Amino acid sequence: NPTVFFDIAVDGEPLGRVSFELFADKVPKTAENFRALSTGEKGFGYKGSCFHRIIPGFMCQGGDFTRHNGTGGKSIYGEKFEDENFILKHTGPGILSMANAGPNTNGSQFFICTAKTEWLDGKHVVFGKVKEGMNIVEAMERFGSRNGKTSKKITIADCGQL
């Protein structure tokens, strides 16, 4: 299983590094999309994009690098790809899963759980989990709010594969 990192920034100031194990063993197409978006090797990806929706007690959501407004994003396969499987579940804080607009609409947006979110099981594809830096994810919550709007700009200042 590959490992990728995000260097998170708050109004451009480094906050810390989060690293993720990606479950290529169980979810290869979805894991490969996130890995490639993180290295930027296709010429586009997560570097510079923001966590646009942070809701304390629930999740941190990001990944819109095409419209920069929470509505966009794109996969390495096309604008959207199918839900690969629902083998893995949203079992607690640190789960990494795909955001979507309904069945078979995976692009680039993703979320990191800060809680067990079992009602999302079978509707969002889980494909990784936080390895190191869960404390950075917990710190990102201070900047969120009930409607997910952030009080400072939370960005992926750097990202890549370890």
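The numbering used is simple: start at 1 and walk along the sequence shown.
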Point to revise | Entry-level comparison of average CA B-factors, 37-45 and 117-125, reporting the higher stretch | key: 37-45
Point to revise | Per the entry, higher mean C-alpha B factor between 129-137 and 107-115 | key: 129-137
Exercise for review: Could you say which of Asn100, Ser97, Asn69, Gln61 has its CA atom at the highest B factor, as listed in the PDB entry?
Suggested key: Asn69
Point to revise | Among modelled residues of the same chain, the CA temperature factor third for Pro93 | key: lowest
Study note, to complete from the structure: Temperature factor at the Cα of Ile154, chain-ranked in thirds, falls in the lowest
Practice item. Sort the modelled residues of this chain by their C-alpha B factor and say whether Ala9 lands in the lowest, middle or highest third. Key: lowest
